[PDB]
*Asks:* 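Sharing a structure, written as structure tokens. Questions coming.
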Amino acid sequence: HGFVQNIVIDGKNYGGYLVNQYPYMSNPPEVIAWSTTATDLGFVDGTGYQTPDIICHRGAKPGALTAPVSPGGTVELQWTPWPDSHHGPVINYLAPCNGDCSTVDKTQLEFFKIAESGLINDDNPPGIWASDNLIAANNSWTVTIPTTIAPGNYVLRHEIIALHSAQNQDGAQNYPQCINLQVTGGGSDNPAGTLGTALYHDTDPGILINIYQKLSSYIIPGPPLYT
Ligand SMILES: *[C@@H]1O[C@H](CO)[C@@H](O)[C@H](O)[C@H]1NC(C)=O
Ligand SMILES: [Cu+2]
């Protein structure tokens with residue numbers, strides 16, 4: 001259980017959507033982060049993969065603000081302290097807003113994968129995952145925005161999937177966090193985009209999986225990485 005508390009871009013903090021404060025507030029602040037109803041700090045499991053909840057988490061609505069990112073610049077997302085138990089991949093997708101991200105229909109966003117990290121080492125099952133990398137980096141993930149994509153406004157959909165219960169149907173725990181970015185530079189790729197509700201299915205080999213046994217490979221779920 002956890003959520004993105006803060007985002008660092010070009011030497012300043014953009015406060016995140018504090019899901020344990022703002023939902024109780026009724027005049028909460030404008031942020032670059034999407035609002036959610038996930039006040040349990042919980043997940044979207046396999047029962048929700050073909051519901052709108054999977055896109056930017058349960059009941060999610062666009063953030064009011066959009067953060068400019070320098071060309072090929074870094075977006076550092078800072079989580080609440082991530083449990084060692086919650087082993088699994090950290091995956092990053094962009095969808096174009098074709099306009100102000102604050103007014104987009106989330107149901108029509110088309111995501112391309114810009115980064116994935118999965119099973120790093122399996123010497124000691126369940127092993128060392130991207131989630132363990134995120135913990136070792138004091139609960140922060142660094143995303144580099146490609147230079148080869150068309151500039152414009154994009155939703156960054158940032159996700160940990162926890163696999164600690166994933167040996168059972170609908171056991172995998174998706175933690176998607178969305179923020180609004182204004183990508184800059186000279187690129188011109190418009191990568192083939194996957195609907196939120198076509199990202200994952202509940203029987204994918206990276207999703208329905210027993211992590212506690214020796215694993216020879218791990219197929220990171222979601223569409224193919226763009227390069
Ligand atoms: C995280 O930072 C704290 C100090 O702020 C430190 O005590 C902790 O051990 C750090 N890093 C890692 C890899 O644990
Ligand atoms: Cu949890």
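Order of listing sets the numbers, starting from 1, for every ligand and every atom in it. Residues: numbered from 1 along the sequence shown. Heavy atoms only: backbone and side chains are in, while hydrogens, waters and symmetry mates are out.
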*Asks:* Hydrophobic side-chain clustering at under 4.5 Å (ILVMFWY, transitive links): who's grouped with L215? Put none if nobody.
*Replies:* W34, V44, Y49, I54, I55, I91, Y93, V104, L109, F111, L119, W129, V155, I161, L163, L199, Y200, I207, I209, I211, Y212, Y218, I220
*Asks:* Once the angle between the rings of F43 and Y175 is folded into 0 to 90°, is it parallel (under 30°), tilted (30 to 60°) or perpendicular (over 60°)?
*Replies:* perpendicular
*Asks:* Please check if any side-chain donor atom of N139 sits under 3.5 Å from a side-chain acceptor atom of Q78, or the reverse.
*Replies:* no
*Asks:* How many degrees, to 10°, between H86 NE2 and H1 N as seen from the Cu ion (ligand 2)?
*Replies:* 90°
*Asks:* Could you check whether atom 1 (C) of ligand 1 has a protein contact, counting only heavy atoms that fall below 4.0 angstrom?
*Replies:* yes
*Asks:* Report yes or no: do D132 and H87 form a side-chain donor-acceptor pair below 3.5 Å?
*Replies:* yes
*Asks:* Just checking, any donor-acceptor pair under 3.5 angstrom between side chains of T107 and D105?
*Replies:* yes
*Asks:* Tell me which protein heavy atom sits closest to atom 13 (C) of ligand 1, plus the residue, atom name and distance to 0.1 Å.
*Replies:* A136 O, 2.8 Å
*Asks:* Starting from atom 14 (O) of ligand 1, what is the nearest protein heavy atom, named by residue and atom, and what distance separates them?
*Replies:* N138 ND2, 4.4 Å
*Asks:* Under 4.0 Å from atom 11 (N) of ligand 1, is there any protein heavy atom?
*Replies:* yes
